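So this first bit is one chain, no partners, the form deposited in one PDB entry, shown in structure tokens.
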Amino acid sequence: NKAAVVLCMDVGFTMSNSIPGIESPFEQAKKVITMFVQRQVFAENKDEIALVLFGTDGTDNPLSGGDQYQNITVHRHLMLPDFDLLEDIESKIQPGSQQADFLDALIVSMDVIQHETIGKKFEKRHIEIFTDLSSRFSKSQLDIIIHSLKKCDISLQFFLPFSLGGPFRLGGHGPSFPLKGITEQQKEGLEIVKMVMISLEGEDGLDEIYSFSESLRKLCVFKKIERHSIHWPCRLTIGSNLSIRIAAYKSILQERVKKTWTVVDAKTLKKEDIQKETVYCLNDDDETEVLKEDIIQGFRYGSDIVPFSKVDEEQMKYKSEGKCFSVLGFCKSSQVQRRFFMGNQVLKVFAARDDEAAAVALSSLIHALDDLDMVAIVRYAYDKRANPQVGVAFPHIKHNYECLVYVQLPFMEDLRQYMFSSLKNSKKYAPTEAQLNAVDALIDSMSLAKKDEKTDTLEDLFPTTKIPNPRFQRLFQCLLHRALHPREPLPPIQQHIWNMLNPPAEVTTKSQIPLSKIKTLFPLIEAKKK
């Protein structure tokens, strides 16, 4: 339902040391928090946030008493985020000239979480750390720390200047900070972090250590706070006798901006003043208004117009049989072309939660579908009032789980049959052999994958599905800038956005020459008239 998060910035002097060609890590982490809190504020979620700093010249921890946890300031307690937080983080925060043990910061954070979650649901608790591990520390309490974390069930993530493992364009994909440039204090810090986190989250733990530049192009910050979807209970039936209790979830759904714009007066900035009226009239000459009681709902049937009352519509409208997920048959996976996918979502189908019998049956079905390389054609009806759909269900096996995937398929009415002239049989368009060689050379240069370790695996050099919507970030930044600088114009797009929206410089550099060759070998000119 409701989560609670606290952010642990390093504001240390070492944290702010900009090697030329790279921004100061303090600035990068500032950008990361800016993004995160922007999302939180403009998502208007109910999850309160807290901010604690270490490396400050002063200290404000509740445990600062006793001459410990010094240089640690609790800048903001667990409250709902606000524009004031944004203003403080962009302006009020300045790089402190102090270095402190981040473990002490963890102690302060766990204290804060324990002492501020009182009387609040807080279905989730999680902590982020933005440090460089450049400062030494004491390995004393870390055992107590991890024990308390396990007892209190507190998630954890680590963010560093460099990833675990040309110009270091922030937010780029390929390159990163020189792995050999680390000071070997960061080596020890990394070892401690790795062992702590592996103790916490197991072998998957080392998957939660992100570099700031890498962080900006991922949603890993929200990975531990996002409200999981809600299942859709239903049964699928093969024939009459056979049925299985299952649940389904929306795995892909086009995210959309929540709050639309509101038109208001230029003078009083009020939507209340403005409103719209309308009149109804016959389309014939001598336009005479038509009052609503002289208006009846009608329908067009080609050249024909038929009156049709809404009551008659309801009485004659098609009526389904209610929620259902029945199957129809099976066909070659080859038959179902990937391009015929229709609809605007996908459904991953799981065995109904906590049912060994359903799990066994569904797993057997999935394995049979896979081995036969078949797919299932189903009749899907979300609700009795919804239009029933027909779509393909195909097995999707995985090491840790297995599930069916459903995608709506189209009816004949949605198809369009256009005739296209072929290209291979076009004597005016057949490319020359040299042209083909040039194209092949380009496509070799402009590759995006790479066979790695000769393990025949293919490491992507550009995961687009890991990139989030740049529109949300741009919108949030513009809104925040206006909210803080009302008279100022809109700031341009941040450079790192263009970085994440572009392939690594290596492919472009290698493609420079073949592109020129193609430009020479393919005469292209515009059409002027017409």
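Numbering starts at 1 and follows the sequence shown. For the two forms, the rigid core is made up of the largest set of C-alpha atoms that agree within 1.5 Å on superposition.
Keep in mind that the form deposited in another entry is missing from the display, and what follows is about it.
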Of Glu287, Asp414, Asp371, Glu356, which one's CA moves 2 Å or more between the shown form and the other one, core aligned? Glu287
State yes or no: after fitting on the rigid core, is the Cα displacement of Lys454 between the shown form and the other one at least 2 Å? yes
At a change of 3 Å or more, would you call the C-alpha separation of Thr455 and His367 in that other deposited form closer or farther than in the form supplied? farther
